[PDB]
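Below, in structure tokens: the form deposited in one PDB entry, a single chain.
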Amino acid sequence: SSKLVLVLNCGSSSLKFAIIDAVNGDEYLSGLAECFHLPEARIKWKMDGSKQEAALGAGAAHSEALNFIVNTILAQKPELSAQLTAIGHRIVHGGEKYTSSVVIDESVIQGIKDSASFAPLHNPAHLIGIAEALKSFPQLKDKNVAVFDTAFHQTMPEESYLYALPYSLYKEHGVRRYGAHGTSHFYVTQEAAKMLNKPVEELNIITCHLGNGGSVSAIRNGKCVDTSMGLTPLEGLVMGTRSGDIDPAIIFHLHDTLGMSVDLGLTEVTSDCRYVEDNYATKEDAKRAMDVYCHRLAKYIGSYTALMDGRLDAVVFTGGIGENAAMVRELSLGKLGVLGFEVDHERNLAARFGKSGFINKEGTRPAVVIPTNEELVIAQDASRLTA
């Protein structure tokens, strides 16, 4: 009746996980293990309607987190464990070789190893996740599935994916642009079509995934035709600064100027284990970074009018920041008055903390907040490919 999938998303400092029924999206477990390789290493999870938290021990990382999942969390619930039909892994880079999700075998693992040069920070983490998954769940060893953040973007034509350099760069070396957060962009695209009550294959939108890293895509007739992760150029390359190492007063200021003050994606985004792009010395330094970010965000959105062929249906906001940071949406859209955008303050405040909705003034260009669910898409793909 149900097809439960264990979903693993390993990064350089954390591991986000869930158990999800791929048939209807029911969540049986979700959580976040974070502050890896530090004294503060910890794990937060939600199960049977209740939130829980434990220390993983000083210096713990992925192996330890998975151990705690199997021997503490799932040890209480062997019945849950028994239901698992597959494991889905979120993988940053699949290049041109893997343009859709795929069952993991030794050559897929080799493909991931060979892609170390793309988001290198998270590369070891993905592999450790696969290695530990195979060990901890020997019964599912032929039913691990890789789901690639580049895959959705494989529809980009060459005018979009080529660098502004000699064609030989691509012809001889295969150097090329690829795209980030593809599973999220994919998810919000399918959802936008429902919210706008139209066929996905007629959908022209611009999608802004603002989370761990920030990317913007141009969707024409339901397919990605251009994308950039230039909002956070160093994401996946450079550690950045742990939020908890910054003066708490600076961080409170950042969170409040973002528009995240009340009046899973959210737990991650406000975490003192989240890494940020600069070691802000002052409140002013933090605000500057935010203003630069909103300026660049507005430019990306404007730039993708060049992909819309005369029709733009909506701009979509998603991810830890996009779903919750009302001021990022206000300030970025507020720079695009010439395109007929106008943010409705009350609508914008309401579309936070997991609530979806339109944030435009009715009668002006649609702007929409759609909480992403990368874990569900990974579950659906993992279940579909192992059935």
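Throughout, rigid core stands for the largest set of C-alpha atoms superposing within 1.5 Å between the two forms. Start at 1 and count along the sequence shown; that's the residue number.
Below: the form deposited in another entry, not depicted.
**Student:** If you line up the core, which of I321, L333, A33, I359 has a CA that moves 2 Å or more between the shown form and the other one?
**Tutor:** After core superposition, the one over threshold is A33.
**Student:** Quick one: once the rigid core is lined up, does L234 have its C-alpha move by 2 Å or more between the shown form and the other one?
**Tutor:** Moves: yes, 2 Å or greater.
**Student:** After the core is matched up, is the C-alpha of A125 off by 2 Å or more between the shown form and the other one?
**Tutor:** Moves: yes, 2 Å or greater.
**Student:** On a rigid core superposition, would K51 pass a 2 Å threshold for CA movement between the shown form and the other one?
**Tutor:** The answer is yes; the displacement is at least 2 Å.
**Student:** Could you tell me whether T232 and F317 have their C-alpha atoms closer or farther apart in the other form than in the shown form, knowing the shift is 3 angstroms or more?
**Tutor:** Those two alpha carbons end up farther apart in the other form.
**Student:** Is the CA-CA spacing of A326 and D256 tighter or wider in the other form than here, given a 3 Å or more change?
**Tutor:** Residues separate in the other form, at least 3 Å farther apart.
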